[PDB]
Every structure is written in C-alpha cells, then in structure tokens.
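Residue numbers (the entry's author numbering), protein chains in the order written: chain K, 37 to 133; chain O, 37 to 133; chain N, 30 to 124; chain R, 30 to 124; chain M, 10 to 118; chain Q, 10 to 118; chain P, 20 to 102; chain L, 20 to 102.
Think of the CB as a built atom: it goes at the ideal place given N, C-alpha and C, for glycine as much as any other residue.
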DNA sequence: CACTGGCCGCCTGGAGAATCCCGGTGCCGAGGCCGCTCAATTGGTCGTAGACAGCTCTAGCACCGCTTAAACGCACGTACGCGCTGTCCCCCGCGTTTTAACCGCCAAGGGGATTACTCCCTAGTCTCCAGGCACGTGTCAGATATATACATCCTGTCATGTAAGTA
DNA sequence: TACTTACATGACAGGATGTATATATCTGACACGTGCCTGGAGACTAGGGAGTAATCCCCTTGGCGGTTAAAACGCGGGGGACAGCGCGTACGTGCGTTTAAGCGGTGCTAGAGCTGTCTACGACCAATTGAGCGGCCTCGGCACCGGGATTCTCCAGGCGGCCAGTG
C-alpha cells in the first residue's frame with residue numbers, strides 16, 4: 037500500500053507550517069479583481085495602488101483569522117473538533133455586530 | 037396537598053417579571069459598602085456621591101446583564117440551558133480582554 | 030442663584046411638541062436625551078477632526094460632516110440625514 | 030524633485046542600537062515601528078485631550094499625560110513609564 | 010440702525026442650535042477653522058435622530074397606554090430599530106432595562 | 010552673539026524627539042496649549058515602549074538565529090508579552106501571522 | 020473603619036435577579052462566586068480609572084461625572100448621568 | 020471591464036489555509052459559503068468607508084492611507100502601511 | 001372470530017392563585033410662569049486656506065508570453081457528531097426564621113465649588129544653524145540550492161493474557 | 001481442577017518521507033556616505049491659565065430606632081448534564097489534470113501630485129438683545145391601594161384505544 041497518514045496529522049503539519057509561515061495565504065490577482073468587483077458596485081472607474089491592495093489583503097487575513105480563533109474557542113466549547121456555521125455567527129454576535 | 041409549581045415555571049415567571057421590570061436588582065447599601073471597600077484598596081479615605089454609587093450600580097448591572105446574555109448564547113450553543121464557568125470564560129475570551 | 034449648567038432641555042421639548050403635542054417627558058429620559066446628544070455630537074466631531082487631519086485640512090465644513098455621517102450612521106439613517114441636512118444647508122444659503 | 034516624508038527612521042535605529050548593538054532592521058519592521066509610534070502617540074494624545082476637556086483645562090500638562098499613562102498603559106508598563114518620564118523631566122529641568 | 014437679531018436655527022428652519030453646536034465645535038478643539046455648513050448640518054442630523062427616537066418613544070409610550078415618556082420606553086424604542094441598534098451597540102440607557110427578548114429553546118413547550 | 014544650539018532630547022537625555030513630537034502635538038489639535046514637560050514625558054514614554062519591543066525583537070531574532078528584525082519577530086515579541094497584548098490586542102500586524110498557539114484538545118493523543 | 024468582606028454583600032438571590040434580567044433560567048451553584056470575582060475585576064478596572072480621574076482633578080470625593088468618563092473610555096458608555 | 024462573480028476567486032483552499040493559520044482542526048463543507056459572506060460584508064464595510072474617504076479627497080484612486088484610516092475607524096487598526 | 005370488559009395511556013376538565021383589569025385616592029414631578037443673564041448674532045475687517053488651472057511624470061491600466069503550483073475533482077478511508085437512554089446528581093420552589101435594609105429622622109463637618117490674586121508659563125516670531133531626508137552605491141545576511149539525519153507516524157510482528165480441552 | 005496449548009490483541013521494532021541539519025552561492029535590500037534645507041531651537045515678548053488662599057454650604061458622612069421583605073437555610077424534588085454505544089455520516093488526504101495565477105516584459109496615459117492665483121470664507125471683537133436656564137407653584141398623571149377575572153399552571157380521573165378473555 038502507498039503512504040498515507042491518519043486524518044488530521046497532515047492537518048497538524050499544515051497548522052504548524054502555516055503558523056510558522058509569514059507569507060501570503062490568498063492569491064493576489066483574484067483578490068485585487070474582487071476588490072475591483074466590489075468597488076465598481078459603489079463607484080465606477082475606481083483604481084488601486086498595489087499597496088492599497090496589500091493593505092486590504094492584510095486586513096482580510098487579519099479579520100478572517102481572528103474570526104477563526106473565535107471559531108475554535110466556540111468549537112472546543114461545544115466539545116467538537118469540526119466547526120459549524122453557528123460558531124461563526126455566534127462569535128460575531130458575541131463580538132457585538 | 038399544598039400547591040407547588042414545577043421547576044422552571046417560576047423561573048420563566050421571574051424572567052418575564054424582571055425583564056418587564058426596570059428597577060435595581062442589587063441592594064444599594066451593600067453595593068455601596070463594596071464599592072467603598074474596593075475604592076479604599078486603591079486610594080484611602082475615599083468618599084462617594086450617592087449618584088456616583090448609583091451610576092456604578094447601573095454600569096455594573098449593565099456589564100453583568102450583557103455578559104449574562106452572552107453566556108445565555110454560549111449555553112444554548114452548547115446544547116444546554118445551565119450556564120457554567122466555561123460559558124462565562126468563553127464569553128470573556130471572545131469579547132477581547 | 031447658581032451657575033448655568035447648559036443642557037438640551039427646551040430643544041428636545043420643542044421637537045417633542047412638534048412630533049407629539051400631547052405626550053410628556055420625565056427627567057431620567059431627559060438626561061438620557063442630554064447624554065444622547067452629547068455622545069452623537071462627540072462621535073461626529075471626532076470623525077470630522079480625523080478627516081480634517083487625514084486630508085491636511087484646517088477647515089471643517091458640511092462636506093466633512095456628511096462624510097462622517099456616511100461613516101458612522103448606517104445606511105438608511107445616513108441617507109435621510111443627508112436629505113434633511115441638504116435641505117437645511119440650502120435654506121441656510123438662501124437665509 | 031520629491032517631497033520630504035517625515036518618519037522615525039534614525040531615531041528607532043538609534044534606540045535599537047542602544048538596546049542591541051549587533052542587530053539589524055528591515056524596512057517592513059520600520060513601517061511597523063512608524064505605525065506603532067504614530068498609533069500609540071495618537072492614543073495618548075487623544076486621551077490627554079479628553080482629560081483636558083473633562084477637567085476644563087485648556088493646556089496639556091505632564092501631570093495629565095502621566096494620568097494618561099496610568100490609564101492606557103497597564104500594570105508594570107505604567108509605573109516603569111512613570112519612572113522614565115519623571116527621570117526625564119527631572120534631568121530636563123536640571124538642564 | 011442695526012438689523013433685528015434673527016436666529017440661525019430659524020434660518021435653517023431647525024430647532025437644534027447652530028449656535029451651541031458651532032460653539033461646542035470651536036471649543037471642542039477639532040479643527041482650526043470651521044465652515045458655516047458644518048454646525049447647521051450637525052444640528053440637522055441631531056434633530057433628525059432626536060425626532061426619530063422620540064417618535065419611537067412616543068409610539069412605545071402610547072403602546073403602554075402611558076402619557077409621559079420614561080427610559081423604559083426609550084430603551085424599548087432603541088432596540089426595536091435595527092440601524093439604531095447598530096448606532097448604539099455599546100451604549101447603556103439608565104433605568105432602561107432590557108427589551109423582552111427570550112431565546113425560544115428555554116421557553117416551555 | 011547667540012547661544013550654541015542644543016537639542017532638547019539631549020537636554021532630557023532622550024533619543025526620541027522633544028521637538029518633532031511637540032510640533033506634532035501642536036499641529037495635531039489636542040489642545041490650544043501644551044506644557045513644557047509634556048512632550049518630554051511623551052517622548053520618554055514612546056522611547057520606553059520602543060526600547061522594550063525592540064529588546065524583545067532582538068531576543069526573538071537571537072532565538073530565530075537572525076541578525077535583522079522582521080515583523081514576524083515583532084509579532085512574536087508583542088504576543089509573548091501579556092501587558093502589550095493588553096495594550097495592542099485590537100491592532101493587526103503586517104506579515105506577522107499568529108503566535109504559536111495550539112489548544113489542549115487540539116493537540117493529538 | 021476597614022472593610023474586608025463585602026463581595027458577599029452582592030447576595031446570591033440578587034445575582035439570581037440580575038441573571039433573570041439577563042434571561043438566564045438555570046444557574047449553576049459555582050456561578051455566584053465567579054460572578055462576584057468578575058464583578059470585582061470590572062469594578063477594579065473602573066475604579067482605577069475613576070480614581071485616576073479624581074486625583075487628576077485634585078479631588079477626594081468620587082463624582083458620577085468621572086464614572087461616565089471612565090465608562091465611556093472602556094467602550095461601555097452609559098447614558099443617564101452626563102451633563 | 021464589468022465583473023459579476025469573482026467572490027469565488029477567494030478559493031476554497033484559500034479559506035482552508037486561512038483557517039490553518041487560525042488553528043482550525045476541521046472545516047466543514049458548509050463553512051466556505053458563510054466565510055465568503057462574512058468576507059463580503061467586512062470588505063463591503065471597509066471599502067465603503069475607504070470610497071467615502073477617497074470621494075472626500077476628490078480622487079479616483081484608493082490609496083493605502085485611506086485603507087488604514089478605514090481600518091482605524093472600525094477598531095481594526097493595521098500596522099505597517101504608513102498610517 | 002367477534003364481543004366486550006378491563007386496563008393503561010392520555011387527554012380533558014376543573015380548581016386555585018398571580019398578575020391583569022377595573023376602580024379609588026393622594027401626591028409631588030414636571031409644565032408653565034417669572035426673572036435674570038449670558039451668549040448668539042450683525043456688521044466690519046483682516047488675514048488666510050483651499051478650489052481651480054496647469055503641468056508632468058510615474059505607477060497603474062492594458063496587453064503579451066511562458067510554467068508548472070494551485071485548484072479541483074474523485075475515491076478510499078477513517079473519524080465525527082450526535083441521538084437514546086440510562087444514571088447520577090444538583091440546584092429551584094417553597095416554607096420558615098433571622099436580620100439588617102429601608103425608611104425616616106437628626107448632627108456635624110469635608111470638601112466641591114466658587115471668587116479673587118498674582119505669577120508661571122507658553123505660543124509666537126525673527127532668525128540661525130544643524131541633523132534627518134533625498135540620493136547614491138556596495139556588500140554581506142539571507143534567499144536559494146543541494147546533500148544528510150532524525151521524527152514520527154504508521155504498520156508489521158512477536159509477547160502475552162486468556163479461554164478452552166483434557167488428563 | 002490445574003496444566004497445557006492455541007488464539008487474538010497489545011507492546012515493541014523499523015522503514016519512509018518530510019521536515020529539520022549543514023554547507024556553497026549571489027544578490028539586492030540594508031547600511032553607510034553626502035548635499036541640503038527646513039525644521040528644531042534661543043531670546044524676548046505679550047499675554048493669559050491655572051495654582052492657591054478663603055469660605056460656605058451642602059451634600060456627604062456618621063449615628064439611632066422599627067418593619068418586614070430580603071436573605072438565608074433546609075426538604076423535597078424534578079430537570080439537566082453527560083457519557084457509552086451505536087449509527088450514519090462527511091471531510092481529510094492521496095494523486096492526476098487544468099488552468100489560470102504567477103513571473104518576466106512592454107507601451108500609455110489617468111490621474112497623483114506639486115506649483116501658482118486668488119478668492120470665498122472664516123475668525124475675531126464691541127454692542128445688543130432675546131432666547132434659554134435658575135427658581136417656584138400647581139394639579140393631575142401617575143404612584144400607591146384594593147377587589148374580582150382571565151390566564152397560567154397543575155393535577156385527577158374521565159375518555160378512548162387497545163388488548164385479551166370468553167362465548
């Protein structure tokens with residue numbers, strides 16, 4: 037049989053590697069094109085420096101990742117290792133939106 | 037046989053009663069004693085305006101009822117109804133402190 | 030007599046008598062209104078100062094203020110606030 | 030012909046060399062330091078302005094900014110910054 | 010021969026002061042110079058918000074068959090309105106209590 | 010004819026600017042006036058905070074076996090101090106990632 | 020003159036009334052001491068700020084105005100005592 | 020020029036790597052949709068603020084300056100882009 | 001196999017109390033009146049910041065051309081959530097007993113607050129000079145790349161507990 | 001009944017790969033040197049903010065007597081919590097494919113940004129007045145008080161359905 041790990045050990049390696057990681061997790065080009073897609077809905081012919089796309093990007097993993105530590109707190113509270121949507125809106129509602 | 041309400045029915049009546057109600061749920065004079073005690077911990081021979089004690093009273097009740105709403109959400113999250121210290125610590129950890 | 034402690038008494042009372050001529054006001058509610066006006070004024074003024082600092086502006090006119098409204102007040106309240114504020118500034122320029 | 034950009038470059042480099050003579054600094058870390066200094070300066074200045082406003086004081090003093098250090102900076106950072114500030118104003122007054 | 014002292018709020022057709030808002034802006038130390046449109050605009054937005062919240066407060070007071078408004082009615086008025094709740098998420102009303110909002114799972118069957 | 014020019018930071022014995030921070034307070038519109046010891050105190054506080062975080066950054070760089078500080082080292086410096094997290098909990102970092110934090114049930118076995 | 024135990028002055032049924040305002044139906048037996056502790060923590064955070072305001076004001080008597088200012092500093096602005 | 024549906028450009032493995040940075044054990048298949056929705060809402064709020072900043076300055080290019088100002092407005096102030 | 005009486009789940013009716021609905025009364029809270037004051041307003045004047053035009057130059061838009069990394073999709077597989085139910089236990093409901101909270105009533109003085117005084121201080125401005133910023137480069141820590149060693153994770157294989165046959 | 005022996009599951013061993021461990025290379029971003037100027041700074045001045053003496057009064061602090069609801073404690077009990085077993089399930093991960101993002105390249109201009117004009121505009125000050133707040137009084141909406149209904153709640157035993165005995 038070929039080599040294959042038990043479920044979650046590769047997830048352990050992924051978590052450890054990516055907390056050690058500082059490089060970018062999301063793709064650059066579709067993120068900039070998504071910012072453009074959202075922007076044309078609010079004002080047409082709108083342009084962006086690459087640095088502003090970088091700053092929106094850093095804010096995007098900042099907000100999202102922080103929501104995932106809140107999600108892990110919620111998930112371990114419910115004695116589960118698998119996260120569910122209600123963890124996300126629960127954390128958002130306790131956070132105060 | 038003397039009449040006896042089932043457990044929780046009086047609890048729901050308490051929820052509806054105090055939720056409709058607007059008055060203070062802490063006796064004002066032991067709260068005044070407590071706040072003078074904690075004030076003396078930081079600065080000696082402190083004196084309190086009665087309105088200041090009432091304002092700290094409303095603020096304390098506000099923080100407690102907000103945290104109790106958060107722990108209600110945490111308890112109904114966890115497939116339970118009894119709030120626990122783990123629910124309270126979940127609320128305090130999610131709220132960012 | 031004592032010093033005047035400035036408040037929003039008669040203004041809130043007049044806007045009540047416009048919107049509801051018959052209903053009354055309690056003093057606790059009246060303090061709630063005073064703290065409400067103070068808090069909203071502080072938020073709008075702080076965001077206006079922040080916007081003036083960002084653009085290197087020594088001037089706060091209605092344009093920064095409607096900017097701060099579009100920031101702080103969400104959506105429907107913001108566009109309505111633009112509506113009566115626009116009516117007010119047009120009536121002001123027409124005196 | 031470009032416009033001069035104001036930053037904290039050589040100052041952070043100096044204190045970094047004082048606390049660690051043999052180390053270097055990256056430009057991204059310098060952006061982090063400029064943002065940090067600007068943000069903490071803005072927090073302290075804003076709370077100092079609010080302290081001056083609450084007590085009807087029209088001036089910013091070392092006493093009220095020491096109050097702001099007690100307010101913003103928690104725990105041992107507060108008292109260490111108090112020691113640093115008192116020592117600094119002491120040898121500034123003696124100079 | 011000076012003209013009659015007529016008021017800026019009446020020039021705006023408003024009741025909230027251009028004068029007090031302008032003075033609190035100047036002495037609040039928010040900018041060096043302040044345009045004339047800023048305090049009249051701010052009085053307009055404050056008057057609209059005040060009119061809206063006292064509208065909801067009066068409707069809640071007549072709903073509770075009472076004539077004089079109380080902070081219970083104010084707090085009820087605030088969290089029936091979702092965008093006002095977004096505006097005032099971190100704000101506590103004194104003696105306002107909490108609007109009845111019971112999670113359905115703890116309700117009896 | 011004139012006294013020799015002496016920097017006020019060196020008068021206070023600081024590296025952080027008395028002059029630049031004083032000017033930025035005067036043009037930042039926080040008050041009309043500022044006391045003389047206030048910018049000295051503020052520069053001393055900023056120098057203390059930067060000295061602490063740069064000391065922790067140098068410690069992290071020595072732990073990382075690197076000579077030059079990276080914002081990863083700065084994030085490691087901040088999040089491994091509790092009171093700076095009490096100061097900078099709500100501030101997000103560029104290229105810093107997350108502190109290594111795997112919870113107790115998250116670890117296997 | 021000195022006070023040592025008034026944290027028990029926030030009685031357990033009074034905590035029950037507060038939880039009834041929070042919509043809590045069932046409260047565990049270990050909850051009450053924890054609520055006393057976290058209320059102690061919040062009062063510590065508020066009163067250090069308020070006393071710091073007071074000693075800036077060179078006053079010995081704590082005022083409700085400093086209460087409003089300390090509460091609005093923490094993002095917990097309280098209507099009903101300002102002005 | 021005109022775009023419709025690029026929110027799928029934040030790929031599912033991008034969300035997986037984001038959650039791996041957040042320390043997530045298991046990500047359900049339902050999760051990616053509301054994560055895209057939350058990212059939609061958050062970026063909508065941020066760029067609404069930023070567009071209001073730029074339109075205040077009468078420009079047509081969104082800069083990182085107004086971005087970090089918009090993040091400072093929301094209480095998510097970001098270090099490292101000239102704020 | 002049908003009738004029918006009995007038994008058990010369950011389903012309905014009824015009874016008591018808790019707050020609501022309806023009166024009854026007394027009271028001080030706010031709404032309005034009066035008086036005062038201080039602060040908004042008007043005009044003029046003087047300085048000044050941003051809107052507008054113009055230019056330019058630079059990085060963003062637009063288009064072009066290779067390269068497998070990312071993405072994705074299927075498939076095997078293993079672990080993941082959770083419902084039933086039992087089981088154990090812990091806190092609400094209520095009654096009773098204590099006790100200090102609340103009311104309410106009275107003395108006293110600490111300091112919050114106000115007014116005045118007088119002096120410490122601090123922005124402003126002219127001017128002078130000097131250290132950080134723009135600009136240029138050169139150079140070694142790190143990005144990159146290639147060869148080993150253990151971690152570690154999973155998987156096989158004997159060691160051993162254990163159950164059964166039988167002398 | 002104990003001794004022996006075969007079987008199934010767990011303790012011990014070992015391989016494979018991926019990430020750590022060691023070392024060579026080049027390169028550009030860090031780091032040092034240079035011109036500059038503009039921004040920090042020294043002195044003087046005009047002026048005005050706040051620290052402090054004095055006081056007063058009032059509002060907070062201290063003390064005393066009673067009621068009874070708030071608090072506290074105990075009995076009882078029902079509801080809650082939660083873990084084991086099982087059951088169905090759904091992503092995790094391995095691996096081949098696509099394609100489209102990523103990496104390097106080129107052209108133009110939108111507009112970002114700097115510079116000159118000037119003007120709309122805002123700020124400040126004496127006078128003046130007029131709306132807006134301090135203080136007081138009144139009555140009636142509302143707080144406090146009292147009695148019956150509807151609703152809420154909870155319990156028994158009436159009702160229906162099912163089952164088993166019997167003819």
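Contact list for residue i against chain M, beta-carbon separation under 8 Å
i	result
residue 55 of chain N	77, 78, 79 and 80
Test: residue i CB closer than 9 Å to a CB of chain P
i	result
residue 100 of chain R	yes
residue 37 of chain M	no
residue 96 of chain R	yes
residue 28 of chain M	no
residue 63 of chain M	no
Neighbouring residues, chain L, relative to residue i (Cβ below 9 Å)
i	result
residue 103 of chain Q	97, 98, 99 and 100
Where residue i sits in the DSSP three-state scheme
i	result
residue 39 of chain R	helix
residue 88 of chain N	strand
residue 59 of chain M	helix
residue 100 of chain P	coil
residue 44 of chain N	helix
residue 119 of chain M	No statement about residue 119 of chain M is possible, as the shown extent of chain M runs from 10 to 118 and does not include it.
residue 28 of chain L	helix
residue 67 of chain Q	helix
residue 60 of chain P	helix
Alpha carbon of residue i to alpha carbon of residue j, nearest angstrom
i	j	result
residue 63 of chain Q	residue 100 of chain L	19 Å
residue 79 of chain P	residue 83 of chain O	7 Å
residue 54 of chain K	residue 34 of chain L	13 Å
residue 109 of chain Q	residue 90 of chain Q	13 Å
residue 118 of chain Q	residue 112 of chain K	16 Å
residue 90 of chain P	residue 90 of chain O	13 Å
residue 50 of chain L	residue 43 of chain O	39 Å
residue 82 of chain P	residue 66 of chain P	11 Å
residue 49 of chain R	residue 26 of chain Q	20 Å
residue 66 of chain Q	residue 40 of chain P	48 Å
Closer than 9 Å to chain L by CB, residue i
i	result
residue 106 of chain N	no
Closer than 9 Å to chain M by CB, residue i
i	result
residue 35 of chain P	no
residue 105 of chain O	yes
Neighbour list for residue i in chain R, Cβ cutoff strictly below 8 Å
i	result
residue 46 of chain Q	90, 91, 118, 121 and 122
Amino acids of chain M, ordered along the chain, whose beta-carbon sits closer than 7 Å to that of residue i
i	result
residue 43 of chain N	24
Test: residue i CB closer than 9 Å to a CB of chain K
i	result
residue 93 of chain Q	no
Beta-carbon neighbours of residue i, restricted to chain R and to distances below 9 Å
i	result
residue 9 of chain Q	Residue 9 of chain Q falls outside the range modelled here, since chain Q spans only 10 to 118, and no answer is possible.
Chain-ordered chain N contacts of residue i [CB-CB under 7 Å]
i	result
residue 76 of chain L	84
Proximal residues of chain K, C-beta to C-beta of residue i below 7 Å
i	result
residue 124 of chain O	Those do not exist, as residue 124 of chain O stays about 11 Å from chain K at its closest Cβ, beyond 7 Å.
Partner residues on chain Q for residue i, Cβ-Cβ distance less than 9 Å
i	result
residue 87 of chain R	40, 41 and 42
Within chain O, the residues that residue i reaches when beta carbons sit closer than 8 Å
i	result
residue 129 of chain K	109
Closer than 9 Å to chain O by CB, residue i
i	result
residue 111 of chain M	yes
Cross-chain neighbours of residue i in chain N, by beta carbon under 8 Å
i	result
residue 88 of chain L	79 and 83
9 Å Cβ cutoff, residue i in contact with chain R
i	result
residue 54 of chain P	no
Proximity test, Cβ basis, 9 Å: residue i and chain Q
i	result
residue 52 of chain K	yes
Residue i: contacting residues in chain K (beta-carbon distance under 8 Å)
i	result
residue 91 of chain L	Simply none; closest approach about 11 Å.
Next item on the list: Closer than 8 Å, Cβ to Cβ, to anything on chain P: give me those residues from the region 56-78 of chain N, in chain order.
Entry: 57, 60, 61, 63, 64, 65, 67 and 68
Margin query: Under 9 Å, CB to CB, which of the residues in the region 84-100 of chain O have a partner in chain M?
Written below: 90, 91, 94, 95, 97, 98 and 99
Checklist line | Contact residues within the region 22-49 of chain P, judged by C-beta distance below 9 Å to chain M | finding: 40, 41, 42, 43, 44 and 45
Note to self: To be precise: take each residue of the region 54-68 of chain O, compare its Cβ to all Cβ atoms of chain M, and keep it if any distance is under 9 Å. Which residues remain?
What the structure shows: 54, 55, 56, 57, 58, 59 and 60
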